[PDB]
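Comments concern the structure below.
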Amino acid sequence: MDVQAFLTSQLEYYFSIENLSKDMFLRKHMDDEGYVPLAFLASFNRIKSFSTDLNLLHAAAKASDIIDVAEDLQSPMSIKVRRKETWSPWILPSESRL
Numbered sequence: 239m240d241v242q243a244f245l246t247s248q249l250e251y252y253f254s255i256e257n258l259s260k261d262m263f264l265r266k267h268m269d270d271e272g273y274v275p276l277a278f279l280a281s282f283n284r285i286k287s288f289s290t291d292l293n294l295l296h297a298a299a300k301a302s303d304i305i306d307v308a309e310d311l312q313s314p315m316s317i318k319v320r321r322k323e324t325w326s327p328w329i330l331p332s333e334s335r336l
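According to our numbering, the stretch in the sequence shown is residues 239 to 336, in order.
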């Protein structure tokens with residue numbers, strides 16, 4: 239597929255039940271609203287291999303109809319994303335967070 243298509247697919251996958259059940263790190267880095275910083279997602283080798291550009295990754299996130307993006311004008315690195323909840327939140331207790 240195209241670079242955008244791959245990046246979008248991976249982003250959707252990252253917040254999937256299958257991935258989350260195996261990837262505790264994503265859950266630990268969630269805030270009270272279940273958001274995960276774009277900068278953290280960019281650290282995934284699968285993403286870096288295609289692009290390290292947060293702008294392209296952000297565009298990929300916006301291309302998904304099941305992902306919501308929160309922007310912070312103060313910094314491009316403070317942009318967070320989340321997948322829409324279906325059954326239950328995957329947010330961990332503050333003490334368990336990193």
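From the three backbone atoms N, C-alpha and C, an ideal C-beta is built for every residue, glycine too.
List the endpoints of the continuous alpha helix (DSSP H) containing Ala308.
What you label residue 308 is simply residue 70 of the sequence shown in a count that begins at 1. Careful: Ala308 lies outside any alpha helix (DSSP H), inside the beta strand (DSSP E) at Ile305 to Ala308.
Compute the Euclidean distance between the alpha carbons of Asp270 and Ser247, then round it to the nearest angstrom.
Locating residue 270 in the sequence shown gives position 32, counting from the first residue. Locating residue 247 in the sequence shown gives position 9, counting from the first residue. The alpha-carbon atoms of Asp270 and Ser247 are separated by roughly 25 Å.
According to the neighbour-count rule (16 or more other Cβ atoms, all chains shown, within 10 Å of its Cβ), is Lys322 buried or exposed?
Working through the sequence shown from its first residue, we reach residue 322 at position 84. With fewer than 16 other Cβ atoms within 10 Å, it is exposed.
For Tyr273 and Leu264, believed in contact at Cβ under 8 Å, the rounded distance
If you number the sequence shown from 1, residue 264 lands on position 26. If you number the sequence shown from 1, residue 273 lands on position 35. The Cβ separation is near 11 Å, so there is no contact.
Relative to the alpha-carbon of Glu333, which residue among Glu250, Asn257 and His267 has its alpha-carbon at the smallest distance?
The residue labelled residue 333 in the question sits at position 95 within the sequence shown. Here the closest residue by C-alpha is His267.
Say yes only if the C-beta of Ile255 is nearer than 7 Å to one or more non-hydrogen atoms of the ligand SAM, and no if none qualify.
With respect to the ligand SAM, the structure shown offers nothing to examine, as it has no ligands at all.
Tell me which residue opens and which closes the beta strand (DSSP E) that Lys318 is part of.
Indexing the sequence shown from 1 puts residue 318 at position 80. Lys318 to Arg321 is the extent of the beta strand (DSSP E) around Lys318.
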